[PDB]
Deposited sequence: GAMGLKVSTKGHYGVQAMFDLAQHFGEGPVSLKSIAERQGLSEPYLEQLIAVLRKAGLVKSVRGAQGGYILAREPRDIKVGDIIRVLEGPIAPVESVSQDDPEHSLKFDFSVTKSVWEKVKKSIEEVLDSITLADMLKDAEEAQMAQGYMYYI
């Protein structure tokens, strides 16, 4: 990155795991092991992640044969920013214009992540990894 943005492991794995659940939402519950396998995630880390997402009401556990985990809301009702919000935790006043610049950076990030839902990601996933007859590439 030119601006040197670094994404935390928790953000990256949180979104990856939620997206994997979105990809399986219609078909039903999947095991955590299967998510870890498809996404190249460590199972212990994923276990801890899912625990928080579950407390937040973003994912739920089911007791079936195909038991396992499913999204607790439809992908269209989960913004990427919602996932990030869940995972994240002598005096005098002197205004800092520099801090105001960072506030503007923060606001723009919040705007992007609130503008994308898991359903949007599902749509993009379909368009970008598809295959077609060559004459249809424009």
Per the record, the structure omits deposited positions 90-104
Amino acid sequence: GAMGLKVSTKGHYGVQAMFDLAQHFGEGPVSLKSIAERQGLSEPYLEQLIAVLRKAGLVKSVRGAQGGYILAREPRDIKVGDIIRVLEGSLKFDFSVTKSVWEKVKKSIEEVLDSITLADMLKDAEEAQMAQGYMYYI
From here on, numbers count along this sequence of modelled residues.
If you average the Cα B factors in the entry, which is higher, 73-81 or 38-46? 38-46
Of 123-131 and 19-27, the one with larger mean CA B-factor: 123-131
Just grab whichever of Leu87, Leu32, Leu113, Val101 has the top CA B-factor as deposited. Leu32
For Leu58, does the deposited CA B-factor place it in the lowest, middle or highest third of the chain? lowest
Cα B factor band for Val52 (lowest, middle or highest third within the chain): middle
The third of the chain into which the C-alpha temperature factor of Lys92 falls is the highest
